[PDB]
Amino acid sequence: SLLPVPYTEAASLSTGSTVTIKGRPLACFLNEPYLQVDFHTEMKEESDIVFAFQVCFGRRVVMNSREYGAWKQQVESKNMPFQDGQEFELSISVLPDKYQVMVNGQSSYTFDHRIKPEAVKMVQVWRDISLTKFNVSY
């Protein structure tokens, strides 16, 4: 739809920052479309990732960091508030100790800071979604 995907935007984050995303999966959940949001340390797509949030719709969520080019300890959740065929509103808030991921207004995932969020310079939203809103609070 509206915004280009992969969507890349420079960004600065600290405690109190929120990244809000509105979009819709490109396929029914039976086909397991993905959604990924990556908080990068540089504008380059190959740069380190402080927080990677990857949804396999209908199946699971995996979260991780990529540090010095290597993926670290993967974390997995089977929590699946996303609804088949529906638009979703996703909100990632930077708390002192962690990211809080809200889905359609409900707290759904958390991920402890492995690297200070001040290291983030860029956010990328990609994989099997259409995107209508991307906003960073400043």
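We number the residues from 1 along the sequence you see.
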Looking only at CA atoms, which has the higher mean B factor in the entry: 36-44 or 79-87?
79-87
Of 101-109 and 49-57, the stretch with the higher mean C-alpha B-factor in the deposited entry is 101-109
Assigned third (lowest, middle, highest) for the C-alpha B factor of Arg24:
middle
Within this chain, which third does the Cα B-factor at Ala70 fall in: lowest, middle or highest?
highest
Among the modelled residues of its chain, the C-alpha B-factor of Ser14 falls in the third labelled highest
Sorting the chain's modelled residues by C-alpha B-factor and splitting them into thirds places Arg114 in the highest
